Amino acid sequence: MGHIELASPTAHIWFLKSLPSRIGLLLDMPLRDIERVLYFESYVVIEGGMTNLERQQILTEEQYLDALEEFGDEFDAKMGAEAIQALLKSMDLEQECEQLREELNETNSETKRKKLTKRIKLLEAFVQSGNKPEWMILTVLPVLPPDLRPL
Amino acid sequence: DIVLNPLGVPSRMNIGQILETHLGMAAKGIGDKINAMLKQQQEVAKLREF
Amino acid sequence: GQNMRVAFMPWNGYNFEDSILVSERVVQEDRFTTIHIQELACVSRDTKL
Amino acid sequence: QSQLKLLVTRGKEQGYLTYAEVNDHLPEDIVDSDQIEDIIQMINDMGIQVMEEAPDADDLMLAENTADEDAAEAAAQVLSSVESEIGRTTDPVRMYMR
Amino acid sequence: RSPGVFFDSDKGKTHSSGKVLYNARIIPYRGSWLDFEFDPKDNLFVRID
Amino acid sequence: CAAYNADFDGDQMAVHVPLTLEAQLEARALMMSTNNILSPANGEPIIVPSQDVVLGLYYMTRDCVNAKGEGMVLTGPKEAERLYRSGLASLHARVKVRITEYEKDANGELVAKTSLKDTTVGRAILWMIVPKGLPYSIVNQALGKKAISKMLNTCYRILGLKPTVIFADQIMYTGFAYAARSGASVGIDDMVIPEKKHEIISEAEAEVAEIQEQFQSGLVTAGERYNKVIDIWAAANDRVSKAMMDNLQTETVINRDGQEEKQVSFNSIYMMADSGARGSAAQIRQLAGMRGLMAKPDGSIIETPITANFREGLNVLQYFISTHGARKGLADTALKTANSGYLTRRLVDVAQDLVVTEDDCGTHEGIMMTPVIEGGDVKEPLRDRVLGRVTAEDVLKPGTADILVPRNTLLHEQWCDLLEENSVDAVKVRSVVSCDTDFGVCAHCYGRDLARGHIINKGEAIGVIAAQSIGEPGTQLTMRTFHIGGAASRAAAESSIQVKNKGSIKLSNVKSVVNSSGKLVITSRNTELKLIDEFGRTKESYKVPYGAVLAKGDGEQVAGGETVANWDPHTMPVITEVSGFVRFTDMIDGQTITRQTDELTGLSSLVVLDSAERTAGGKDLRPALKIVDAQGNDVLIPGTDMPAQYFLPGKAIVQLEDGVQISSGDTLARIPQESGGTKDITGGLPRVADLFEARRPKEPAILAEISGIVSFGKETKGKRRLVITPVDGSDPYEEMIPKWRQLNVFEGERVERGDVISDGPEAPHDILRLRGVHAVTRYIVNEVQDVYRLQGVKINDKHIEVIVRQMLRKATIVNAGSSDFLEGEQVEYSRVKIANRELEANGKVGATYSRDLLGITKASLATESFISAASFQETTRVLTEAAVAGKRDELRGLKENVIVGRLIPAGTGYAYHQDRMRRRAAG
Amino acid sequence: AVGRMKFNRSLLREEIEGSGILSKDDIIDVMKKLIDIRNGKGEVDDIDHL
Amino acid sequence: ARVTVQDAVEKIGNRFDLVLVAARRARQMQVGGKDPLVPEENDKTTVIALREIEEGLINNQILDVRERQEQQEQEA
Amino acid sequence: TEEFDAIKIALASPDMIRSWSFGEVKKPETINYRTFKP
Amino acid sequence: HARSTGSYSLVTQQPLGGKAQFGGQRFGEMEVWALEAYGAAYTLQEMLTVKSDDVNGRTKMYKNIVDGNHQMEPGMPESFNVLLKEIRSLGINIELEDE
Amino acid sequence: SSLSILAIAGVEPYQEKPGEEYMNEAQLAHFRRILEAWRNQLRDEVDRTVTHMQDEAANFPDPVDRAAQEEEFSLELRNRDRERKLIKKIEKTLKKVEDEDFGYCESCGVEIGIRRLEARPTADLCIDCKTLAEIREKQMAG
């Protein structure tokens, strides 16, 4: 087999467009949002420090512009699949799972409780399998042996 | 010349082949009778009449 | 086609199913022998050798 | 209440959904050539794939209805998308054009 | 099918309570279509092809 | 050829060569033609003579009034044959012959009995072949398709394979020989137009003329004319057919020495019909009769018929109509077969993996097999249902502690014969569904029935066997769904019972209340009335509804055809247990009831109005019928403290008003209920698929969840409430029910869990939940098997049973202790963890589970290994999920191993994999 | 010309050849015939008639 | 016994490990380490091994004992 | 040929993708069109 | 039509089907099920691998037949190897584990 | 003539007496007999039909004769379905006779002719209402 060094990190279609979008539910981000992010229409705040913006908040073109102008430093936001990969790498599976368990110990509402449980199971399974989320985004692309795509 | 299975007639509701066999046998009977009257070379008149 | 003398009867299960029994007499007279004209082509190309 | 809440019900309440419906029930926007493709594929995970002009026979539509799974985020996805009317300009041509 | 005007019924299936809803479709040889159709409530609707 | 469904009209066949030595052996042992003569579906032979053979044998055995050598005495069959071949006697002629039959009387000894039988020459010549063990009786008869098949069957059952094979070959050769000697053909004059065709046709035409004249009179719209004409034509057609067949069959009026006689004719076409080689009455009809009415495209039946026959000639119109019908059928056929393929494939996907893994699970549970005694007789006897099943427990003679069948014994033919000699009715048989072993089944619970004779051998893949057996048929079944709604064998009426055979009367599930004349009026909803015969067996079974007056009770002998019960169908009487005056409770005029009262004899038509018709003040007022004594105080129902307060439902016509001393058992108020009384037969192919996909049916009937006195609830909101209150347990079970539901039980009644409350069809899910596993499995088995027998395709229940087991693969946990408390989980993992808990010290907790029933599609979708699921499911989805999950596939299954090209774990390769299991986790 | 012939024949007019494009009086007659069949003074046509 | 192996299954009832035993024996016969114990009728070794099984001379236990016999003999 | 069992599925990490591959394909060309060597 | 050995295809090393080329019938899914109905594991195994897709196995078995020995060497079906290579071409790691 | 609906039973056309009231005991008995005979015949015909279907069904090796044997069965089953639909109509008519509400039009109170009831004993409406309803039906259907 061969491989290609991709210059811009590209998202793996299967983990986005498959009816359950596993990037989306892992990141608890709707599909339309991730779509808008990859196609370069809006930014997302990656660790926006002691500011007025959350960590999975989308910013439009000129809202990001007015913010950067106002918040030059201590403000990390980006666009595209590399932004998605970056925010994916930084998310702490185990600690967030423990938070979820604390919520389960404190939270008493039927449907919300069920949803919480579902997420808890999902994360548990992921961290048990041993796959790190950042791999859903491809950096190197393998190329099939020539004889199987003959000329 | 050919031996055809009878059990194919009644359940295969194509009965026309049987009438075809009968009428064709009759046609060859005529043909034979003419062959006989010609082999003896009877006369124009008799072939004509028949 | 051609018109043959047929007899409707079972002849020791060789016409068991829709199969047909036939006499050497038909093949002897060559009345069901077909001529088939087939075409063959040999093409000589030039390889780089 | 919208113009799809009355559809999604039918889809599984009457078994299928003819092309006519999914055509007129669309909002006003994302009519773009074959934008439907995504909503038809979501509606297909519930069991529809109706023929030219909605025929019928054929007691077999529930095997394929079961062959399209519980996890129905799609429902949420479609709802959100068709409840915001952000132009789903997927084709890069349009976005670069803008 | 020849070009022209056709009056279809598409009966039975129409809401499983009868409501036989008719429609006249005007089809040219080459060009967009005209459709005049009914509704359960007896209202006459136009469709461009 | 019958096995291959092959025909010699240019059909082709493929030929493969087994290469390895083991493959050669595998071909020769399991796959050899001679080893597989028995159909895997039922036990009977497949290789039976097909058409030409049967014609020859039929010709050979038939008897004739008069021929050569009437009344000759021959010293044996060889002399008979010597006589026939010399032309001194006809091949069929009634004759006295000396024959030596052999008998298996001892423990496999042959005892020659040698005496003079009255038979035909032909039958003796045929007897030459018959192997030693068979009784002469076999050949003495006409010897048609049925008889010949029974001949082969008995030959197999008594002697064994090797002789049955040799005897089959002999039968073929002799049949062909003598068929050729017969010289049977088919001439134009052999199909005789019945003399009276034109008579019936003229009658039918005159009748249609009268109906047209009576139409122009204005007594009937067009519809009546159309329907009536079509019906008259149908009757004319069937009568003409019957007249032609009557003319045809027995027309040989051949003469004996002097006067004459009449006999079973020797018309070649007729013999081809009756022998069962080709043709049925209908096709003969279409040659010699009128080919009836035909249908246009739309399904409507055209009024004018053809009336012509193929012997005569049709005309343009008639041929055109016949084209309509023909082409419609021809076009439907292809699709039908191509969809039966789909049914078979989705039936194999669910069951593929099921393999016989264990020798014996050691379970005591089992299914109660009875002779299905539907009313008048034994529609299907026990022996057929129980043959080849292992027993769950010892069966006792009609006298306790007289064990005749030790614990799990395989029931072969002779065991069944012994079982017949006694009169046991019900036998617990170990079933595949209740088999206890996880990850497969046990040899014993399955049983013998296969192409071979013996108990199943360990390792054979039963899942795909059953799927194949259930899929191969299903092409006889008419494609599109049909309906009949006939139920020929009903109960003669709906009111009175009519005992068919003189036997003792015996009641099941009842509590009668003797009335004043002394009749056992039954107040139980679930009552059945059987009949024991001379030697202690259940002959007749009848269903007696609530409130039916009886005449003769229990024990007394009923003579043939006595009306033992009587009641008006559309009338539920309310029956009193004690005597005294009826007191009126909450029956205000205008508020809840409408005064319709009669004169002296005390009749009324009071209608207990519901909330809608009740005025604004009478919303909660439940009008009741108070059971008071002469003194006033509520007399209590015998043994219980409840004063019977019969909340009369809507339209309770209370005849016996206040002031009429009710005898213990007099009807309080007659309530007319016009409940639908017919069980529309359903059938064809799609209904089977629909039954297998376990679709909750239309307006479903409802059941009771827990027991206890039932009660009403919030009045007329669009679904009246039913509150089942347990006498012991907690009260609070409210179930809303639509108004259109008819109720079988009164409000103030104590129902038991899972009795029917409303009429109609029950959803299998409820059956499983309330009644449990054996009830749902029996329900499915019976319901599908009815469809398959409706067309006359015989299948053994075990295959349907394995499938049903595949449908129950899943359960849902409601308790806790180690799981997630709500996950749909296979019953095997739960059962092993329960074994863990119960063998270990700790409960944990727990955990109590409930079974779920899934239709074969979802069940297939619930596969564990992902290579199979990718092989037949949306590959992208399963691959993506398995990639994220890091799931690890041990493959363990059949289809996985197929895909990887290693040894299937079934049959010859089971040992291989079993070996590997021992090599894993070992030294 | 075929389309026009079929249109005019469907509305039972003696005139065979028209101007190809849809004259609006025709449309009005069309709605009249539609509401007629909707009332029941006519049969609907089958897409399968030759 | 090239007609019906019914009697061999009556000897060994598995009907599957039967064919495996017969394959081990018939391969031990083909590769001429041993010779047939039945007078050959110009048969191939398949039906020879089946005929050897049906007379009770060979089964899994007899195969294993004779195999360990030849092994321990050849060790010397 | 190994005797195997248990086929494992997981997301490919970039270092495994580098691990399987023997070389990087930088130019899109396929063959020399004159002499058909790669 | 009959075929013992002949030409194979480029990508899927199956034998070519047809009359111009020797041919080579085709064991389908239904036939697979049929063999599964019997306990016939070795015939299925050969038919699936040594007879079609296993190159080394097929040549070794040819030589074995010529030598008058009848044994077998199934190997991995080439279609399954292609499957692995195509899935691995994606970002999906599929490895044959060991114990 | 042994081909009508009065022929099935051994009954001969009735004859309303001069001062005879409309629905009397004798007429009700007459019509009850007629309907019961009609029903029982139809059920026995269904039993015949089913036995025929159960005997014939077999697997044919030719696709152009499986259609032949499944093109007469389709018509037979059609007739059986229609008669099954008519058995519910007969049952309802037996319920109106048993309830003593037989012989009058369901739309308007007018009584339906006796000769019409001997023509089609299941008649529910008078000829006029029948015709109007038939028009409304064909119009809502087609």
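As written, the chain order gives the labels A, B, C, D, E, F, G, H, I, J and K, with residue 1 at the start of each chain.
What we mean here is this: contacts are C-beta pairs under 8 Å (C-beta built on N, C-alpha and C of every residue); 3 or more make two chains touch, one makes a residue touch a chain.
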Taking touch as defined above, what minimum step count separates chain E and chain I? 3
Using mean Cα positions as chain centres, tell me which chain lies farthest from chain H. G
Chain B and chain I: spacing of chain centres that average the CA atoms, whole Å: 79
Taking each chain's mean CA coordinate, chain H and chain J are separated, in whole Å, by 30
Taking the mean of the CA coordinates per chain, how far is chain G from chain H in Å? 88
Whole-Å gap separating chain F and chain I, where each centre is the average of the chain's CA atoms: 60
Residues of chain I that contact two or more other chains, please. 5-13, 17, 20
Mark out which residues of chain C touch at least two other chains, giving numbers and ranges. 7-11, 16-19
Among chain D residues, those touching two or more other chains are 69
Chain F partner, complex, touching residues on chain I are 5-11
In the complex, the residues of chain B that touch chain K are 11-13
Sites on chain F touched by chain J in the complex: 14, 16, 18-24, 26-27, 30-31, 40, 348, 352, 457, 459-461, 464-465, 467-468, 879, 883, 888, 894, 898-904, 906-910, 912, 920
Which positions of chain C touch chain F when the two form their complex? 7-13, 16-19
Listed in rising order, the residues of chain I that touch chain A in the complex are 10-14, 17-18, 20-25, 30-31
